[PDB]
Every structure is written in structure tokens, then in C-alpha cells.
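Spelled out, the chains give:
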Amino acid sequence: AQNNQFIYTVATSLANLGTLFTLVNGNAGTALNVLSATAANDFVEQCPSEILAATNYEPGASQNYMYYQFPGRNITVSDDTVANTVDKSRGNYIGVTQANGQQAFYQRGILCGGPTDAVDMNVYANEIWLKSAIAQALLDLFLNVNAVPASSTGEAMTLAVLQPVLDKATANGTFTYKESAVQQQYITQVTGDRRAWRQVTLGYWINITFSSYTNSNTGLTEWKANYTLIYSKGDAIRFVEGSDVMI
Amino acid sequence: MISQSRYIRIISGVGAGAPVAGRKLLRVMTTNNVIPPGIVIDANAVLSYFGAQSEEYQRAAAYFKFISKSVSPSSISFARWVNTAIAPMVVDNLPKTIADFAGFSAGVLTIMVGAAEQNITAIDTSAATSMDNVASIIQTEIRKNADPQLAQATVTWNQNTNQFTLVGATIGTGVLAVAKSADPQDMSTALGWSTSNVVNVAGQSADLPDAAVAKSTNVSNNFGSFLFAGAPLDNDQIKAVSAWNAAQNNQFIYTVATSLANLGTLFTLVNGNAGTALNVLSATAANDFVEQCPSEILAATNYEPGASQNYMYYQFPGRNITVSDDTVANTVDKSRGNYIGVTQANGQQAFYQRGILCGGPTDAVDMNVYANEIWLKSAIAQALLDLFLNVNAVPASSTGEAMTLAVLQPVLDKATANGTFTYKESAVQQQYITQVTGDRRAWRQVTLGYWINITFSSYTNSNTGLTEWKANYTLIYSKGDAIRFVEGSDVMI
């Protein structure tokens, strides 16, 4: 119900996983973690929560939820076919793999949700942080300055206040300055201004509206500000392929 | 407190998020009873799942070794062909059978339905010497029931995978299922029955190959160049399957293996029938299956620069020689047979000889152009579907044609680099192009390698009286053909 505010971690067995992902399909912000039956509790649904809690949004803090090691938690799956079956249900687990004799890490950073919502957890966390930071800056502006006029000075002042947050966002890693034609057409359609996609070189595009309206509660006309922000999400590489041609 | 949304409201989302998959290019239709009829299933995985003795591992081992002259396939698929009549089945992918059915010695209840409930008496497996004993004990308790399906039902256990399978007594018709009950001592979870995704197979008749391949393509069609690979098929069955393949214009390939004498018998039935390949075997020799050569070459291709390739000059050291005389090769080429030929080149002696497909004048005889057209169709369809799924709406005006052309531009840009567009010398083709397209000077353009048009007309569909619009596009490009013969004269002085 709340768009991009919280996360919700659930712990399931392997057999129960198939029963879920039918009920909780969609439902953005929900994470499923597979337990091990007939073993110690070694609670595992806390891994995404711990990784989110430890983050400090200092430079290079975007991070990645996939390649990370949990020596306390015990192994969950060890076959490729079992992992293939589990990944269909968007289950998160600790997998073990052989790398020249040595054998375990969290395997997927995916969330259940629709096409419009953030499937990866890192972008989910970054959007949480962006919403909180923007709301804090705007509320602080409202609380401190005497009044915000509904004229050109208003847009200038609002943009000036929002500037430091967007400056910090580039350093954090939530804005990536990244290669599609379909996305280009979508951007040119959503924003009347063309050449916005070329700008999103820098990583973001921001607009301010300042329209007027009448609220339903009282007949009086009250104004309002509408802003639109577009930025390139931060996605991490997960697969490597190559060919070594000799001679 | 009053919620903060009364004063500041922010909505977060992902734009153009609709993901559309990319088509991949082998699938084998076997008959062994391991594979359930209604499913389709990255070499060691094949070895583990099927065992060392099976022909599936034999095929995968030779399939997964390949270099393609640009340094591999990296995937394979299997589907099930219902050769004969089958009884209903219920088939357990999770690792189980750690010999820990203990605690189910307390009067186990399980419920199964043909059309009405059947409850099974107390089943005690505390002893449980092995899972074979567990399956036997389950079978003994099930066989006590008076329902005809359950009178002679069988329970089996598989070690390579981790599957329990239940087979009903009658053959031909019946529907079986298992239900999750609320009792504490219910073993539908220790067994993988009625948990997660379980394949319930209803009874079937002898069935036919062309219907089987259609059923298999119903569930997923991310493949190219399928083949049956069991016992040799009858000529009529090959004819029916080739006709079914020809029904879809330029989607799949179909590889057949024949003897030399049988080759003349074919090419009469399967003449035309675009997308069919014939490969000649060697009698009284090792199997060294050869119908996989075009399939392997297609699978290994990655559509990176210079990937057009050529199916003619390529070497297969595993396969044994087929023909060695010029007259025999002349007779074979009349039937459009593909083979491994041996020729002397200063002492050294073997390579695939022809890359031709059986088909009509309108269809692609060479296999390279066939593969490139498969890739073009898949890429264009993917781009258009992705456009439909992401953007809000596509207006039926000048902006519509501009946007569609802009979206299709990168695919055509990549096509030039791949080698499927050649920028090549006829007058007849010139006149054909000037007639088909009202716009003259299109043939001069096809300097660049392609010509594209967009229409955006309107019409009314038959299903509803409403007028629905539509877009019509025409694409012309120069196909990629490779040189195959060299002739010259050296004049001295």
C-alpha cells in the first residue's frame, strides 16, 4: 500500500516457497528467504535488513546485495537444478560453489513486484533514501523561511535548496552517469522537453511547475508545487562472459 | 499524528520497466519415460540428471564441444514424445530421502482422488531400511484400495534425481491427484506430492509426432533447429513433421538423418517444405550422429561483429567420412543432401560440403540466410513488443512513424555490423524493386544495404465491429551470400 517506504522479510521452507509467490506475487517491497529444515534456527531473514541498516548514505555507498558472505548462516542449496527451480519463485538464499577447492554467499538481490516497481534491493534502498532526503529538505525549507512566493523566485529558491541533495546523490552512487532507444522515446514523450535524455551525460533532470488549484476541504484556492525528477538507476554487473582467442 | 502526505507527497517508480526476453537459438524430443509429457527441461548437468548410459548424455557430450571458428552453444533442451499409451502419473525436484521418514510410524494418512476421495490406511515407515523399502511399503498400502486405478498402482523411486512417481493401473484414460490434508501425520510434504509445482499427467493415446512438437512448442519456443533423435522414423512421419515445420514460415529448422539409398526416396516427399535439412549417415559404422552439425553451428553463433559465418567450409573431426568420389557427390547433390566429403590437397586428406536447404524459389535455400532471417524476425518483434509494453501510447500520426522508425533504427544498425546486410551487385532485381515499391531510386539505396517504410493505416477487425489502428512496414535488404567457387587463368608472358 505504501509505495517505496519499507521492506518486509519473510522466512520460508523450500516446499512452502512454491505455495507462496502465488499469493505475494506483485506486492512490491517483499523479500522471501529460504530456511533449512531440521537445523539450527540461524535466522536468515535478517540478512537484507542488516545490509540495509549498516549502509551510511559517505561516498561509494550504493553497494550490492548479491555478492556478500554470511559465515553464521548455514548452506541452503548446492545443485544447479535446485537453484534453477528456486530462482523461478524469487527466493533468496545462501549458495555454495567450488572455486579451486574452496567452497558460500547470498545469491540473489531480487524482490517480488510488478514491472513498475524496483525488483533489485539496492535501487529500492536508494529510492527510500532519496524520498526521505527530498522530503526532509522541503519540510525544512517550509519550516524556516518566512514565505515562499509563487513566482520565478519560488522555482529558483526551491531548485537552489534541492541542489545539495542531488549533488550528494551523484557521489553516493545512486545516480550513474550508462547506456536504450525505447527509454529515449519514453523520456521524450513524458517530458515535453526533448534533449532531456542526453542530459540524463550528467545523471539527472529536474523540473518545477508551481500551479494553482482549489482544495476540496475549503472553497478557498490554495499555491502548490509540482516537480518531476528523472535519473539513471544504479545497477551492478552480475554475469561475466568472454572468449580467449589464441594466435 | 497527521500523516506527512498532507504536506509533501512523493511517488517513486521505474520507467520503461517492461522486460521482454531475447530469443535463443537445440531441442531434442526423446521418448524415455523420465521426462513428463507436459514440461520442457546449461554437460555435467545432463550426466547427473539422465545417467551415463542414456543417449541424452551421449548427444550432449558431443553437442557441448564446439568452437565455431570464433571461439559455444551453452544450452540444450529436452521434451517428451508420447510414443505409446500412458497411464496417469504424479511426478519431486527438492533433495529428499535422507532416510528421515522416521516419526511417520504413527498412522500416516494420505488422500488421493481420481474423481472422488480415497483415504489410505496407516502407513508405518519407522524401520525404513532404504527409500526403496519406503516406496514398496507405500505401494503395499495403496494396492489395498478397491478403486481400479489403485488396485494395481505402482510407486517407484529414482536415485539420480529425487522423484517419487505413482502410476495408475489402467492405460488410456484417467485423472489422478493428491490433496493436502490437515492431519499431523500426512506425508504429502515429505513426499513431494501436492507441494509447489507437481506434474499430474492424464492418460493419453499413442499420439503423433507433429502433434507432440506442437504441444512442446506451446509451453516454450525459445529454440531453433529441433530434432527427434530416437529410433529412425517412418517416411510418412518425416513428411508430416516437415510439412508442420513449413507451416511456420521462417522460425525453426528440422534436421533428418538418412542413408544414401533412402535419400533418393526422400526429396520427393519433402521437396519444398522450407526449413528442412537432410544429412547422410554411414551404414555399418559407429553412430557418430551427424544431423547435429547445422544445429551446433546455429547454436554457437552470437549475433558481436562478423557473425554471419558460412555453413559450407567447416571441419568435424568427430564425424566419419561419407562420400569420396566425384560421381557419387554429383548424384548426392541432386537430392540436396549434406555430408562430410574428403579431398586430397597435396597429400593431406574432410569437411561439411553443402549448406543448402530443401524449399521453393521464394524461400531461403542457404542456411546462413535462413538463420539471419530468424534473428531479424526475432529482434524486430522484440523491439516492437517492448515499445508497446513501455510507452504510454503510440499516436496514429506523423509522430507515430517517426517514433517507430527511431526505435527500429538500432536493430538495423547492428544488422549491418553483423554481416546480414551486405553493401553487392541485377537488372531483373532492379525492376522487381521498382515495381514492388512505388518509390523509384530505392534500389540505389539498397549503397547502404536496406530500405524501410511505414504505413499506419486503419481498419475494422472481424471479432468486434469497432475500428482498430494498425501499422504496416516493408523492409528490403541485400542478403548475405558467401563465395563458394574460385576460377582463374594465369597467362605467362
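Determination of this PDB entry was carried out by cryo-EM to a resolution of 3.1 Å, according to the record.

### With respect to the overall build of chain B
For chain B, the helix and strand inventory stands at 13 helices and 15 strands. With respect to the three principal axes, the spread of C-alpha positions in chain B is 100 × 85 × 45 Å.

### Overview of the sheet that holds strand β5 (residues 117-119) of chain B
Residues and elements named next belong to chain B. Taking strand neighbours across the sheet as the criterion, the 3 strands line up as β5-β4-β8 in an open arrangement whose pairing is antiparallel. Each edge of the open sheet is held by one strand with a lone partner, namely β5 and β8 (177-179). Along the sheet, successive strands turn relative to each other by an average axial angle of 35 degrees, direction set aside. When strand β4 (residues 111-113) meets β5, the two strands line up antiparallel, connected through 3 bridges. When the bridges of β5 are listed, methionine 112 appears paired with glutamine 118.

### Section: empty space enclosed by the protein
Taken as a whole, the largest cavity encloses approximately 50 Å³ of empty space. Looking at the lining of the largest cavity residue by residue, the class counts come to 4 nonpolar, 3 polar and 2 charged. Estimated volume of the second largest cavity: approximately 40 Å³. In terms of lining residues, the second largest cavity is bounded by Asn3(A), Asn4(A), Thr116(A), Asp117(A), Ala118(A), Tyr124(A), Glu127(A), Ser12(B), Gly13(B) and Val14(B). Partitioning the lining of the second largest cavity into residue classes produces 3 nonpolar, 5 polar and 2 charged.

### Some remarks on the interface of chain A and chain B
In this complex, chain A contributes 31 residues to the contact, which on the side of chain B involves 30 residues. Of the residues that constitute the side of chain A that touches chain B, the class distribution is 15 nonpolar, 11 polar and 5 charged.

### Things to note about helix α6 (residues 181-190) of chain A
When α6(A) is considered as a whole, its buried residues turn out to be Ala181(A), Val182(A), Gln185(A) and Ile187(A). Along its buried surface, α6(A) packs onto α7 (196-199) of chain A together with α10 (367-390) and α11 (398-418) of chain B.

### A look at unusual backbone geometry
Leave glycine aside and you will find that most residues have negative phi; peptide bonds, for their part, are mostly trans. All names here are of chain A. One non-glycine residue with positive phi stands out, namely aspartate 42, at about 35 degrees. Locating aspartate 42 in the fold gives a position in the loop between β2 (30-34) and α2 (47-54). The exposure class assigned to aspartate 42 is partly exposed, which follows from its relative accessible area of 21%.

### Quick notes on the side chain of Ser188(B)
Residues and elements named next belong to chain B. The residue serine 188 is located in the loop between β8 and β9 (200-201) in this model. Overall, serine 188 belongs to the buried group, its relative accessible area being 2%. With residues up to four places along the chain from it excluded, the contact list for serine 188 reads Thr110, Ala179, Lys180, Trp193, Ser194 and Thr195.

### What about the pattern of salt bridges?
Residue and element names in this part refer to chain B. Overall, the coordinates contain 6 salt bridges over all chains when judged by the stated rule. Across the pair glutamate 55 and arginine 59 runs a salt bridge, and its minimum N-O distance is 3.2 Å. Of this pair, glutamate 55 and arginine 59 both sit in helix α2 (residues 55-63), 4 residues apart, roughly one helical turn. Its relative accessible area of 34% is what places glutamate 55 among the partly exposed residues. Overlapping salt bridges, with partners in common, bring together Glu55, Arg59 and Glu291 in one network.

### Considering the state of the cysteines
Applying the stated criterion across every chain yields a total of 0 disulfides over all chains. Of all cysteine sulfurs in the structure, the one in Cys47(A) sits closest to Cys112(A), which takes part in no disulfide; the separation is 17 Å. Overall, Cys112(A) belongs to the buried group, its relative accessible area being 3%. The structure places no disulfide on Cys358(B), whose sulfur is separated from the nearest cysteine sulfur, that of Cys293(B), by 17 Å.

### Details of the environment of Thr30(A)
Residue and element names in this part refer to chain A. Structurally, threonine 30 can be placed in strand β2. Sequence-wise, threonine 30 and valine 10 are 20 residues apart; in three dimensions their C-alpha atoms are separated by 7.7 Å. Contacts of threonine 30, omitting those with residues within four sequence positions, involve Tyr8, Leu111 and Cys112. One polar contact links the side chain of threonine 30 to the main-chain carbonyl oxygen of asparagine 27, over a distance of 3.1 Å.

### Some details on the packing of aromatic side chains
To describe a pair of aromatic rings, one takes the distance between the centres and the angle between the planes. All names here are of chain B. Taken as a whole and judged by the stated rule, the model has 25 aromatic pairs over all chains. Centre to centre, the rings of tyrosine 63 and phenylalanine 64 are 5.3 Å apart; their planes meet at 80 degrees, and the pair counts as edge-to-face. For the pair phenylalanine 226 and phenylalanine 228, a centre-to-centre distance of 6.4 Å together with 65 degrees between the ring planes defines the contact as edge-to-face. Among the residues examined, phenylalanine 228 registers a relative accessible area of 5% and is labelled buried. A connected cluster of aromatic rings, assembled from ring pairs, spans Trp81, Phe223, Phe226, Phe228, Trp244, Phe252 and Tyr254. We note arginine 59 situated over the ring of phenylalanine 289; from NZ or CZ to the ring centre the distance is 4.5 Å.

Definitions and cut-offs
- Residues numbered from 1 in each chain as written, not as in the entry; some residues may be left out.
- Chains lettered and ligands numbered in written order.
- Part of a larger assembly, values for the part shown.
- Heavy atoms only, no water.
- Residues with missing side-chain atoms left out of burial classes, pairs and counts.
- Helix = DSSP H or I, 4+ residues; strand = E, 2+ residues; numbered from the N terminus.
- Pairing = 2+ DSSP bridges.
- Axes fitted to C-alpha atoms, helices over the stretch in contact; angles between N-to-C directions.
- 1 Å grid on protein atoms, 1.4 Å probe; cavity = no way out; pocket = protein on both sides within 12 Å on 5 of 7 lines; lining within 4 Å.
- Points joined across faces, edges and corners; volume = space filled by probe spheres on them.
- Nonpolar A, V, L, I, M, F, W, Y, C, P; charged D, E, K, R; others polar.
- Contact = heavy atoms within 4.5 Å.
- Buried < 20%, exposed > 50% of the residue type's maximum accessible area, 1.4 Å probe, protein only.
- Salt bridge = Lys/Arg side-chain N within 4 Å of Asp/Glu carboxyl O.
- Disulfide = S-S within 2.5 Å.
- Polar contact = N/O pair within 3.5 Å; in protein donor to acceptor, adjacent residues only side chain to side chain.
- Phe/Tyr/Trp six-rings, centres within 6.5 Å; stacked < 30°, edge-to-face > 60°.
- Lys NZ or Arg CZ within 6 Å of the ring centre and 35° of its normal.

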